[PDB]
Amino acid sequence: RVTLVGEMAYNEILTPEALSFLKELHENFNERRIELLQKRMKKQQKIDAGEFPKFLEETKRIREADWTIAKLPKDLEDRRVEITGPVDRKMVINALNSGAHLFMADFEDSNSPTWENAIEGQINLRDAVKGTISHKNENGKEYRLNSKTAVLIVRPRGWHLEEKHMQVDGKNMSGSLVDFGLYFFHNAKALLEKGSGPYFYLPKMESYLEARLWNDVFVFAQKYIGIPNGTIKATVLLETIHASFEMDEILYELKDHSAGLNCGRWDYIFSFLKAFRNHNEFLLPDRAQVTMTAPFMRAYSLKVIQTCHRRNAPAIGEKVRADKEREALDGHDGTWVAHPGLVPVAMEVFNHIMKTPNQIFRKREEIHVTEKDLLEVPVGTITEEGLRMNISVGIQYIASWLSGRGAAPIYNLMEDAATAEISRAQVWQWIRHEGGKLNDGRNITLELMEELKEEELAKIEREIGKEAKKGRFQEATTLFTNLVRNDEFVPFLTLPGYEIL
């Protein structure tokens, strides 16, 4: 028995037919999802005991074999620029019209997972696929879609999140299955008719078994609505240290439904810190100093490019321009932006270096990335500014998120949950580490964190105003403080955040 708990046009997405499909998703796959999350806890015990991720002996055959992913649709051949944004009505239109080749419509990191956002998200995407989506201004303006838009790709919540507003026999539904299920149900056939398809961005996976789970979901889904296997195309965000040792295996489990991999910065550095948080030598510098040229991040990107291109799949990626230029020269088939205005920038670099639709033919045969290359701790300094930035951005981001805005322009960077995660994670680590000391020599202590926290909160109230306040800063501050003070390390701030959201 299915219970719908949230307040309620929502009837049009939550139809008995759509819900019957979600119920079957749940009965088939939720328990496996929970099992895999339990396997993560077990793996953490092994890592804590000194057993690092490794290239698995058990899957050597997959790695030696000469298979490739299934053939990509034409609209996934050239992915030079992708833009990311939440499933907010106005942002969906701006992103689709941005000139990006693809738009990753986000239910995950840049989306605050309110019930309203989760279902309005689906309404908005349904209207976008139909062409009826519009955003009305009070001044009369009403934005609509170009007749040719960026290709739509959806990112659902990761496997650790639940949708507490629908239950099956009292057990919360998987956020992943809900976000994927409703978009698939309502749009797969229309997407096919316009010559595209149901495409996904799969986040935060830690194991190929988690890739298998997605694959099994796709198989069931296609069968359920009666379209052929191999029609769903999913790009995997290769964004956890665990996954860097299972890239090939991950593509393999998904091979009939694969559109390759994508590299990140913050979720990946977060993952690295979280996994090795009990290892004393894995102390990190200011996150700003941990750039894509840091040796372990370089090894990561190159291994993604080499693995993807080997399986005939895409590998998606002033200082911004140097950065994109490095990605193109290295062999990435495309790159990401989080704002409409930065498309031209990204577009220019890739149009100059990558005149071919992609560069999957670049095998990067000459490089060899070892396990040690992947694990090498980055060296730099920890700085008063970096510590103030971590505190300020963490709190402002969490206030924004509790206020229902998961895409937060802070110090004009478009920030998402991964920014806040690395922010809280660094402060948590620096307070604790014996080496957790500012550049000037000051010990990073609870007292200093607290005193710096007060000053930043004074500064925020000055930039934003007393009334803004209504932005749930009290709660954001409390949560951030609990996150950095708790010795246990909550796996994701959205876990406690979801409870109080």
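Just count from 1 along the sequence shown to find any residue number.
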Please classify the unmodelled stretch of the deposited sequence between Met8 and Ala9: none, 1 to 3, 4 to 9, or 10 or more residues. 1 to 3
Counting only residues from the deposited sequence, how many are left out of the model between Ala468 and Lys469 (none, 1 to 3, 4 to 9, 10 or more)? 1 to 3
Comparing 375-383 with 138-146, which stretch shows the greater average C-alpha B-factor in the deposited entry? 138-146
Mean C-alpha B-factor comparison - 232-240 and 392-400, higher one: 392-400
Candidate set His26, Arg32, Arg40, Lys60 [ranked by C-alpha B-factor, highest]: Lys60
Among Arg311, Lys204, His332, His352 - the residue whose C-alpha B-factor is largest in the record: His352
Per the entry's values, where does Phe185 land by CA temperature factor relative to the rest of its chain, in the lowest, middle or highest third? middle
Taking only the Cα B-factors deposited for this chain, tell me whether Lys303 sits in the lowest, middle or highest third. lowest
The third of the chain into which the C-alpha temperature factor of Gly158 falls is the lowest
Ranking the modelled residues of this chain by C-alpha B-factor as given in the entry, is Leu446 in the lowest, middle or highest third? highest
Hey, what third does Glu348 fall into on Cα B-factor, ranked over its chain? highest
